[PDB]
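One chain comes next, on its own, written out as structure tokens in the form deposited in one PDB entry.
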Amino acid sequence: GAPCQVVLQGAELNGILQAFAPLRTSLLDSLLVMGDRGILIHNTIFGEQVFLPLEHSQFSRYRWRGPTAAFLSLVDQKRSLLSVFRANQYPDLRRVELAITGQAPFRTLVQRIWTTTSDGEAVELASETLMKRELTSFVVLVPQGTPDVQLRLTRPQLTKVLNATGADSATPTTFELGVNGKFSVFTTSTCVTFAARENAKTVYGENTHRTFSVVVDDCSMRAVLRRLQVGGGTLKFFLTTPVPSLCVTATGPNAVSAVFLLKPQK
């Protein structure tokens, strides 16, 4: 019974919620994808890609079987299975469970929810039981490979780098890491700088050896990074591809990540 089971007992639940609390009804509408390795949540925000990898490590019991499965988070296109992890959607939550059943396409997922009610006991939040069917086919496009460079922006200097970005669509913006490791992010109007090393000027870094400068045409970057309450985060760069990209992930053991397409401006 239930060939696939995934469980979040209280010991592990807070491991998810600590990553999910910064999310404020921002990720509620998302695709799920499942295999042996855990859950991947995915959504587009203001026209740019966001991902949350929830590794099977973060779970108290886990089993996967057969091919990967994918599900949209909404039910009735109104309620959502991700709701459990939002703020105090429910005041208490002793555990939550995903179970997947059936075969090939047309597998059936149920999400089951239990709450402490004092009295030394927990009971089903039965009316809130969610039932969703695997989508028959999907394409999802997901990132790969080792990043070229990483910078570890703590919350204050993340905020400064973020505030220095432009707006609308006309205005330019560029990320830089030049020789001596200045991390001199700038626009034609505004400029900042941070001392990359492989006092409060410094950004701790990896693979900073490689030096570059690159513009971004993407609007709303900061809007996305606020919707997500980004409590600081590492920036890691992908530069070997014919179109480069910058991935921003929150600082922590598990994190939401957002991937921004850079210009192929060499």
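Residues carry their position along the shown sequence, with the first being 1. For the two forms, the rigid core is made up of the largest set of C-alpha atoms that agree within 1.5 Å on superposition.
What follows is about the form deposited in another entry, which we do not show.
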Identify which of 130, 113, 122, 72 has its C-alpha displaced by 2 Å or more between the shown form and the other one once the rigid core is superposed. 122
Large Cα move at residue 55 between the shown form and the other one, threshold 2 Å, rigid core: no
How about residue 208 - superposed on the rigid core, does its CA move between the shown form and the other one by 2 Å or more? yes
After the core is overlaid between the shown form and the other one, has the C-alpha of residue 170 moved by 2 angstroms or more? yes
Given that the distance between the C-alpha atoms of residue 121 and residue 20 changes by 3 Å or more in the other entry, do they end up closer or farther than here? closer
Note whether the distance between the C-alpha atoms of residue 124 and residue 134 decreases (closer) or increases (farther) in the other entry, against the displayed form; the change is 3 Å or more. farther
